[PDB]
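# A structural walkthrough
The lines below spell out each chain.
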Amino acid sequence: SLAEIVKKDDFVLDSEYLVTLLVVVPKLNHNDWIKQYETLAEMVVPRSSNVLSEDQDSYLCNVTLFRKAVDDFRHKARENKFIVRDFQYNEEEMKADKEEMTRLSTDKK
Amino acid sequence: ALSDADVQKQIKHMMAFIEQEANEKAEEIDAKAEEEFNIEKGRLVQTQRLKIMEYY
Amino acid sequence: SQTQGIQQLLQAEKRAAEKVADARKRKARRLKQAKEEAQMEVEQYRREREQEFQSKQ
């Protein structure tokens, strides 16, 4: 679950045009895929690929581009052995899950 | 490297299938308006004209 | 396209929206005009109908 990861500031909502792909980029391929995400498709923002959260072997990252740009971006991404995860943002269910685990701990004791 | 050189091409691409059909949607509304202008000329007052014709 | 592109996207589609809205509002005017001309001509028809019926009596 990316509930502790995706942030609104980099996750573009309230815009029918832009939308943030939460790409997964290996640390060994840190600068690499950040650079190649520039020209995978048109209607794109150049090199907006920026680190969101660092894991042990890879790290989630945000790329901002137009909505129908996502289709070509993901196609050419899959061509070059790239990973794109579309984790949609909505705050209320993350809050609900946190309160669920809290109340289940309370029920446990 | 793209900068705004390609962004203008992107804008030109979009303005072909958005701006153009916005004007053509205004024009389609114009055409439908003329059509229903004719239909209104020929449905409501026409029926009332028939009513008064039968009255006559 | 981070700031200049998508802002122009929004502005162009905005303009499309107000133009389509103006088209609907001017449809409103044209329908009112249809009604106006329609009642005018049926009123004229009523006028000569009344006159010729007076002559008939």
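Quick notes on the rules
Residues numbered from 1 in each chain as written, not as in the entry; some residues may be left out. Chains lettered and ligands numbered in written order. Part of a larger assembly, values for the part shown. Heavy atoms only, no water. Helix = DSSP H or I, 4+ residues; strand = E, 2+ residues; numbered from the N terminus. Polar contact = N/O pair within 3.5 Å; in protein donor to acceptor, adjacent residues only side chain to side chain. Contact = heavy atoms within 4.5 Å. Core = buried A, V, L, I, M, F, W, Y, C linked by side-chain atoms within 4.5 Å. Buried < 20%, exposed > 50% of the residue type's maximum accessible area, 1.4 Å probe, protein only. Buried area = accessible area lost by both parts, 1.4 Å probe. Salt bridge = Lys/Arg side-chain N within 4 Å of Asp/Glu carboxyl O. Pairing = 2+ DSSP bridges. Axes fitted to C-alpha atoms, helices over the stretch in contact; angles between N-to-C directions. Arc of directions from axis to C-beta.

For this entry, the PDB record names cryo-EM as the structure determination method and reports a resolution of 4.3 Å.

Here the focus is the side chain of B:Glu19. Locating B:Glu19 in the fold gives a position in helix α2 (residues 19-55). Only 2.7 Å separates the side chain of B:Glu19 from the side chain of C:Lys19, close enough to count as a polar contact. In this structure B:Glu19 touches B:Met14 and C:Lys19, once residues within four positions along its chain are discounted.

Nonpolar side chains tend toward joint burial in soluble globular proteins. Counting 31 residues, the largest nonpolar core has A:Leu21, A:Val23, A:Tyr37, A:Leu65, A:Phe66 and A:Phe73 as its most contacted members. Put simply, the parts of the chain that give this core at least two residues each are β1 (18-26), α1 (30-36), β3 (58-66) and α2 (69-79) of chain A, α1 (5-17) of chain B together with α1 (4-56) of chain C. It is β3(A) that contributes the most residues to this core, five residues altogether. The contact partners of A:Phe66, leaving out residues within four places of it in the chain, are A:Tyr17, A:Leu18, A:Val19, A:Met43, C:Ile6 and C:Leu9. If you look at the next biggest cluster of nonpolar residues, it comprises nine residues, including A:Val6, A:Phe11, A:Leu22 and A:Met94.

Here we come to the interface of chain A and chain B. Residue-level contacts link five residues of chain A with five residues of chain B. Between chain A and chain B lies a buried interface of about 490 Å² when both sides are counted; carbon and sulfur atoms form 59% of it. Here chain A is connected to chain B by zero salt bridges. There are one residue pair in polar contact connecting chain A and chain B.

To continue, consider the interface of chain B and chain C. Contacts between the two partners involve 24 residues from chain B, matched on the other side by 29 residues from chain C. Taking both sides of the interface into account, the surface hidden between chain B and chain C amounts to around 2,400 Å²; carbon and sulfur atoms contribute 68%. Taken together, the links from chain B to chain C amount to four salt bridges. Between C:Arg26 and B:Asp30 there is a salt bridge whose closest N-O contact spans 2.7 Å. On inspection of chain B and its partner chain C, the count reaches seven residue pairs in polar contact. Elements supplying a minimum of two residues to the side of chain B that touches chain C: α1 and α2 of chain B.

A word on the side chain of B:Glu40. Summarising the element assignment, B:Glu40 is placed in helix α2. Here the side chain of B:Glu40 touches B:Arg43 through a polar contact of 3.1 Å, side chain to side chain. Those residues in contact with B:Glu40 that lie beyond four places of it in its chain are B:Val45, C:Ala34 and C:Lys35.

The next thing to look at is the sheet that holds strand β4 (residues 83-85) of chain A. All names here are of chain A. Spatial ordering of the open sheet is given by β2-β3-β1-β4, a layout of four strands whose pairing is antiparallel. If you trace the sheet from one side to the other, it starts and ends with β2 (50-54) and β4, each paired once. The average undirected angle you get between the axes of adjacent strands in this sheet is 35 degrees. As paired strands, β1 and β3 are joined by nine bridges and run antiparallel to one another.

Once that is clear, we can look at α1(B). Within α1(B), burial applies to B:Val7, B:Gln10, B:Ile11 and B:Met14. Projection of α1(B) onto a plane perpendicular to its axis shows the buried side chains occupying an angular sector of 100 degrees, all on one side. Set apart from the buried face of α1(B) by more than 90 degrees, the exposed residues are B:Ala5, B:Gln8, B:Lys9 and B:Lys12. Buried residues along α1(B) sit against α2 of chain B together with α1 of chain C.

All right, on to the pattern of salt bridges then. Think of it this way: side chains of opposite charge can pair up when their charged atoms draw near. Under the definition given, this model contains 13 salt bridges over all chains. Put simply, B:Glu36 and B:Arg43 hold a salt bridge, and the shortest N to O gap is 3.3 Å. For B:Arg43, a relative accessible area of 43% translates into the label partly exposed. One salt bridge in this structure joins B:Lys41 and C:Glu41, with 3.7 Å as the shortest N-O distance. One end of the pair, B:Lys41, is in helix α2; the other, C:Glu41, is in helix α1, on a second chain. Taken together, the shared-partner salt bridges in this structure form one network comprising A:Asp71, A:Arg74 and A:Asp86.

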